[PDB]
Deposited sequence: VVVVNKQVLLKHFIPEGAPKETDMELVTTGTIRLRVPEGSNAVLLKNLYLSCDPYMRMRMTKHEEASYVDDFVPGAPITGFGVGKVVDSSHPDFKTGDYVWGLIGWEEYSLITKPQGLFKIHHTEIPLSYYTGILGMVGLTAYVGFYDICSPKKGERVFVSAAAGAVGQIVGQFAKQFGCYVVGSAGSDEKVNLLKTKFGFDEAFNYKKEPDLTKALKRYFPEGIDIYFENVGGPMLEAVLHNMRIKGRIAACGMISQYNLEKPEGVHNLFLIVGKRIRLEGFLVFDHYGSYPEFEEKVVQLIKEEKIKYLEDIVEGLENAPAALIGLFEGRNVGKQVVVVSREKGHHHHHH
């Protein structure tokens, strides 16, 4: 049994600046046998869904010394988080018909030879695509960032940049449900309005239509900010610092403003601010409890979640690109292949 296997490859490395669709290429002639090798310690996956995540951009650029994650290889498939089904296994922990999530290939089928970086999916009542984000890497990020790095108290005043992004939207809800005052910022009036209507943010604003970020935060935060969940960085951070309260905390998840400086750092001393970067890579020990908490929320309908869904691998390169441009409304997902039988969608 030998089948077609479409692939998406890094065409070439790219310099400083912005990725483009043409940095990738779809190849359709390749094939793959539908068993694992004898004597292997591997899992063969039919790839169902793929996440486009902002961090992927970094991996298109060549690094002499190892950044946290290895660079993509020219002529080799793009990889990143996704969800898959075991077509075959020669590793004990995974059986034919199991569903998993983790780093897989941007292709129809992945022979994973490092199976220990996969996680079996225990709730199949939930749409599998959620394990690309809310129940995946993205949710875990929100969860660790917020509960751990921000040390929040019932009553504190929370600001979240890229609030309409996948992490941001989950942070915002965790925080409102913690008894916090929550304000997010975004790139669209469409998204500002989702933050308030769908996601239950107390206020929200479009950063692009604000000529003074510092005064912008002032209107929303008359007594200052306690907790900045930071996805953006740059002049946004300057403005947050200006507006931060005694003993404020900044969780430095990302600085997306910087992928494709700050002048008032000294305010950290006299306001006794804690600024701390964190990486969800270091925190997989918290997954299982994180999983049960967020599963309960969904079943209970105490959390809302929006996915931006694209259909088919060949659509993956533009979706990834749109992500960088803020074209995604909700967590960007690509459907490589839907598993058979069932939700409904509009």
query: Deposited residues absent from the coordinates (by C-alpha); finding: 261-265, 352
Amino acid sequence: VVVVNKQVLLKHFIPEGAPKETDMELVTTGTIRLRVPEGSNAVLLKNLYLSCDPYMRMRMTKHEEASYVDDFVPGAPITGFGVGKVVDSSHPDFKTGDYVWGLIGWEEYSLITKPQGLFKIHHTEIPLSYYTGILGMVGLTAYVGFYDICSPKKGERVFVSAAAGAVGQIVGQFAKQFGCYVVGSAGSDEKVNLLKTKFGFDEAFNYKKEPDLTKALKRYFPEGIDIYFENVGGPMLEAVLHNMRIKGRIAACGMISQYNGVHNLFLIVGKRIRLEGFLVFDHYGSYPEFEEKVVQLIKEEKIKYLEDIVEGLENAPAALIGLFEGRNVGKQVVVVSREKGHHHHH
From here on, numbers count along this sequence of modelled residues.
item: Between the two ranges 62-70 and 307-315, the one averaging a larger CA B factor in the entry; value: 62-70
item: Stretch exceeding the other in mean C-alpha B-factor - 250-258, 168-176; value: 250-258
item: Top Cα B factor in the deposited entry, candidates 136, 127, 233, 184; value: 233
item: From 157, 85, 91, 271, residue of greatest CA B-factor; value: 91
item: Cα B factor band for residue 301 (lowest, middle or highest third within the chain); value: highest
item: CA B-factor ranking of residue 291, expressed as a third of its chain; value: middle
item: Residue 276 by Cα B-factor - lowest, middle or highest third of the modelled chain; value: lowest
item: Among modelled residues of the same chain, the CA temperature factor third for residue 46; value: lowest
item: Cα B factor band for residue 26 (lowest, middle or highest third within the chain); value: middle
